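Colleague: Counting in PDB author numbering, the sequence shown runs from 7 upward without gaps. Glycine included, C-beta positions come from ideal geometry on N, C-alpha and C.
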Amino acid sequence: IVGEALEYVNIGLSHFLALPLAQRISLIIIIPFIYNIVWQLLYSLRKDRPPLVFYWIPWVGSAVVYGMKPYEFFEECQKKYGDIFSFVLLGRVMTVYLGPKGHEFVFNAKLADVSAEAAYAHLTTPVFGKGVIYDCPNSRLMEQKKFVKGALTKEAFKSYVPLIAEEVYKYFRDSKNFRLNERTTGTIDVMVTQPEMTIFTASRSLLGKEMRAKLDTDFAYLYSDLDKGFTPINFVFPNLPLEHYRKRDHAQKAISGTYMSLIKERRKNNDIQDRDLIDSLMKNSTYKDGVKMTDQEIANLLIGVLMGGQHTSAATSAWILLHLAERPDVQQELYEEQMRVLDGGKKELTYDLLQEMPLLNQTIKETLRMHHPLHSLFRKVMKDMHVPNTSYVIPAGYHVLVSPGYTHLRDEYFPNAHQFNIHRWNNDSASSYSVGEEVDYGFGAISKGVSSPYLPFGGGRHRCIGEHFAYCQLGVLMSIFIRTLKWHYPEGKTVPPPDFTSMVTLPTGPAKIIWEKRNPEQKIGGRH
Ligand code: HEM
Ligand SMILES: C[C@@H](c1ncncc1F)[C@](O)(Cn1cncn1)c1ccc(F)cc1F
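See the structure below:
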């Protein structure tokens with residue numbers, strides 16, 4: 007007789023529903039703790055799954071160590087399990103594939119196998135607005151990228167160089183952090199100066215003079231509010247009836263409103279030129295099926311493009327200054343190249359002359375090797391994926407994570423990888439090189455292979471289209487920094503470690519350097 011036992015299941019259920027509140031909340035905690043632990047041990051025997059990093063807390067997973075020190079986490083997991091392994095992160099399973107094979111597996115994955123917008127839309131759609139980037143099918147994104155890349159031409163860069171130069175000189179003249187007509191030395195926090203210089207230079211060139219003029223007013227604080235809404239917290243908590251979220255949504259509406267105002271003023275006056283990215287998208291933003299982007303979608307695409315470029319570029323010029331601050335030898339070598347290429351300063355800097363500055367471009371290239379601004383790129387797996395030359399299957403509903411910034415730091419691919427050495431790029435100063443066959447996904451021919459161990463701009467359909475703009479901006483900025491200033495660390499300070507929590511690998515601030523004028527008597531003209 008088992009019937010007697012099934013009575014005691016029923017009895018035990020009734021004795022359970024009647025335990026003291028102390029016993030039950032303790033049971034409410036301990037039942038999923040134990041179940042999680044036993045599920046992982048059962049998981050460890052599936053041979054069609056990559057090894058899964060062990061974690062104590064359910065749902066949270068390895069979120070803490072991953073969020074704080076992702077590269078240290080990857081190295082420890084790589085020593086234990088090899089190059090492919092999974093970990094739990096705030097409710098999701100992330101499968102990491104380290105190394106060049108990982109780059110191929112993720113960046114060159116079939117469109118049907120993985121979805122970037124399914125991973126990212128919750129981060130970005132609340133910040134940028136609807137209908138663009140990741141709030142739209144991949145085919146729409148592919149053509150959005152074509153539209154933006156159409157104002158990112160060599161001819162556009164030739165006109166952007168003197169405009170970016172003007173902004174840098176105006177920032178040296180007017181900003182409280184410098185005031186070079188009044189002060190010959192000073193101390194700056196590069197995490198204060200570089201965000202400002204980046205937004206001023208990117209606004210003037212990509213958005214135009216009107217939009218740049220608005221950053222001289224209270225309007226600039228909307229950018230700070232919108233910027234604060236770009237945060238990993240959006241991945242778990244993208245809308246909370248709280249104040250941070252309200253200034254974000256307000257800023258998005260107010261900034262996109264300002265761009266639509268300009269777009270509609272330009273069209274009401276037929277004042278549509280080739281000045282900036284606004285002119286360009288107004289003339290060129292009709293999809294191949296004949297649908298035109300709305301003025302709202304144009305404005306939102308501007309926000310996302312300007313904000314993406316904001317955080318990668320500002321982080322990078324911060325790291326460049328910070329590495330050069332302890333390398334007066336490198337500053338000296340870069341200064342000599344400035345003097346030779348620009349005839350002692352008697353040539354005005356042009357886009358063409360920037361391309362004849364290999365050591366300056368190698369300094370950018372080397373900073374992007376040691377400080378890849380995005381430590382992790384993500385996709386959501388949409389169809390079960392087999393990992394070649396293994397028995398592993400990554401099931402739909404998992405996410406795949408690739409980290410070229412981690413391979414940038416491996417000695418096997420970059421000897422003495424933790425040493426800043428711009429000369430490892432001698433006779434190889436190009437921002438990136440397609441090492442063979444090319445493919446076009448809708449925004450131009452790009453490298454078909456994505457196996458390069460140096461992959462600062464990703465690859466495949468989601469590859470960056472901002473690299474030449476970033477080199478132009480960083481190049482103008484650094485050419486002027488080098489010709490105008492020397493700089494060094496306060497006593498006993500050195501390169502700060504990265505803060506990875508922002509998802510952008512920023513220097514831990516305050517990161518202070520001391521500048522001094524190379525020509526204490528040099529004056530910057532213009533009105534102020
Ligand atoms: C140092 C500067 C930069 C670095 C290292 C960088 C890095 C990257 C990487 C790694 C990706 C691939 C993302 C993924 O696969 O999920 C990407 C995509 C992209 N980036 Fe950049 N970026 C930089 C600057 C810029 C700038 C200046 C702009 C705009 C002016 C920009 C706009 C974009 C866009 C539109 C994409 C396409 C995303 C997609 O197709 O899903 N980036 N970038
Ligand atoms: C999604 C986002 C990101 N941020 C942080 N970790 C991983 C990421 F994928 C990012 O790739 C960053 N970025 C890349 N180039 C410039 N910015 C991005 C892409 C396109 C865009 F229009 C705006 C934008 F923020």
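Do the CB positions of residue 452 and residue 369 come within less than 8 Å of each other?
Modeller: No, the Cβ-Cβ distance between residue 452 and residue 369 is not below 8 Å.
Colleague: Given residue 244, which residues of its chain have a CB within under 7 Å of its CB, disregarding the five upstream and five downstream residues?
Modeller: Only 128, 132 meet the Cβ criterion.
Colleague: How would you call residue 413, buried or exposed, if buried means at least 16 neighbouring beta carbons within 10 angstroms?
Modeller: Burial call: buried.
Colleague: Output needed for residue 494: all residues of its chain with C-beta closer than 8 Å, excluding positions within five of it in sequence on either side, in chain order.
Modeller: Counting only Cβ-Cβ distances below 8 Å, and skipping sequence neighbours, we find 331, 332, 334, 519, 520.
Colleague: So who's on the other strand from residue 522, going by DSSP bridges?
Modeller: Answer is 191, 492.
Colleague: Can we say the region 52-67 touches the region 86-103, given the rule of at least three CB pairs closer than 8 Å?
Modeller: Enough Cβ pairs lie closer than 8 Å, so yes.
Colleague: Does the structure place the region 501-521 close enough to the region 210-229 that three or more beta carbon pairs sit under 8 Å?
Modeller: Touching, no, given that fewer than three Cβ pairs across the two stretches are closer than 8 Å.
Colleague: May I have the straight-line CA-CA distance separating residue 80 from residue 232, to the nearest angstrom?
Modeller: Cα-Cα distance, rounded: 31 Å.
Colleague: From the DSSP output, which residues share a beta bridge with residue 298?
Modeller: Partner(s): 292.
Colleague: What do you get for residue 229, buried or exposed, if any count of 16 or more other CB atoms within 10 angstroms of its CB means buried?
Modeller: Classification for residue 229: buried.
Colleague: CB of residue 383 to nearest heavy atom of ligand 3: below 7 Å?
Modeller: Because ligand 3 does not appear in the structure shown, any question about it cannot be addressed here, the ligands present being ligand 1 and ligand 2.
Colleague: Specify whether the region 469-488 and the region 357-371 touch according to this definition: at least 3 beta carbon pairs, one from each stretch, less than 8 Å apart.
Modeller: Yes, the region 469-488 touches the region 357-371.
Colleague: Express the C-alpha separation of residue 261 and residue 1 in angstroms, rounding to a whole number.
Modeller: With the chain covering only 7 through 534, there is no way to say anything about residue 1.
Colleague: Tell me which same chain residues have a C-beta within less than 7 Å of the C-beta of residue 378, skipping the five on either side of it?
Modeller: Once the five neighbours on either side are set aside, the close Cβ partners of residue 378 are 410, 411, 414, 462, 511.
Colleague: What is the DSSP secondary structure of residue 140, counted as helix, strand or coil?
Modeller: Coil, per DSSP.
Colleague: Where do the ends of the beta strand (DSSP E) carrying residue 98 lie?
Modeller: Residues 98-103.
Colleague: Going straight from the alpha carbon of residue 153 to that of residue 287, what length do you get?
Modeller: Cα to Cα, residue 153 sits roughly 6 Å from residue 287.
Colleague: Within the same chain, show all residues whose beta-carbon is closer than 6 Å to that of residue 404, passing over the 5 residues directly before and after it, in chain order.
Modeller: Around residue 404: 99, 101, 387.
Colleague: Can you find a heavy atom of ligand 1 that lies under 7 Å from the Cβ of residue 154?
Modeller: For ligand 1, at least one heavy atom lies less than 7 Å from the Cβ of residue 154.
Colleague: Any heavy atom of ligand 1 closer than 7 Å to the beta-carbon of residue 108?
Modeller: No, Cβ of residue 108 sits at least 7 Å from all heavy atoms of ligand 1.
Colleague: Going by DSSP, name the residue or residues bridged to residue 95.
Modeller: Residue 95 pairs with 67, 98.
Colleague: Taking the alpha carbon of residue 88 as the point to measure from, which residue in 56, 76, 111, 61 has its own alpha carbon closest?
Modeller: Residue 88 has its Cα closest to that of 56, out of 56, 76, 111, 61.
Colleague: Is it the case that the Cβ atoms of residue 307 and residue 212 are separated by a distance below 8 Å?
Modeller: No. Outside cutoff.
Colleague: Taking residue 385 as part of the beta strand (DSSP E), name the residues at either end of that continuous run.
Modeller: Note, residue 385: beta strand (DSSP E), 383-387.
Colleague: Does DSSP classify residue 121 as helix, strand or coil?
Modeller: Residue state, collapsed to three classes: strand.
Colleague: How is the alpha helix (DSSP H) around residue 216 delimited, first residue to last?
Modeller: Looking at the DSSP string, the run of the alpha helix (DSSP H) that includes residue 216 is 215-220.
Colleague: Is it right to say residue 201 is buried, meaning 16 or more other beta carbons lie within 10 angstroms of its own, or is it exposed?
Modeller: Answer is buried; the Cβ neighbour count reaches 16.
Colleague: Do residue 178 and residue 186 have their CB atoms nearer than 8 Å?
Modeller: Result yes, Cβ atoms of residue 178 and residue 186 sit closer than 8 Å.
Colleague: Could you have a look at residue 473 and say whether DSSP puts it in helix, strand or coil?
Modeller: Helix at residue 473.
Colleague: Mind checking whether the beta-carbon of residue 87 lies closer than 7 Å to any heavy atom of ligand 2?
Modeller: Checking every heavy atom of ligand 2 against the Cβ of residue 87, none is found closer than 7 Å.
Colleague: Could you give the residue range of the alpha helix (DSSP H) that holds residue 196?
Modeller: From DSSP, the alpha helix (DSSP H) with residue 196 extends over 196-208.
Colleague: Compute every distance between the C-beta of residue 457 and the non-hydrogen atoms of ligand 1, then say whether any falls below 7 Å.
Modeller: False, no ligand heavy atom lies under 7 Å from that Cβ.
Colleague: Using beta-carbon positions only, say whether residue 506 and residue 155 come within less than 8 Å of one another.
Modeller: No, they are not a contact pair.
Colleague: With a threshold of 7 Å, establish whether the CB of residue 313 neighbours any heavy atom of ligand 2.
Modeller: Checking the Cβ of residue 313 against ligand 2 gives yes.
Colleague: Would you report the Cα separation of residue 35 and residue 320, rounded to the nearest angstrom?
Modeller: One C-alpha to the other measures close to 44 Å.
Colleague: What is the rounded straight-line gap between the Cα of residue 303 and the Cα of residue 372?
Modeller: Using only the alpha carbons, I get a separation of about 36 Å.
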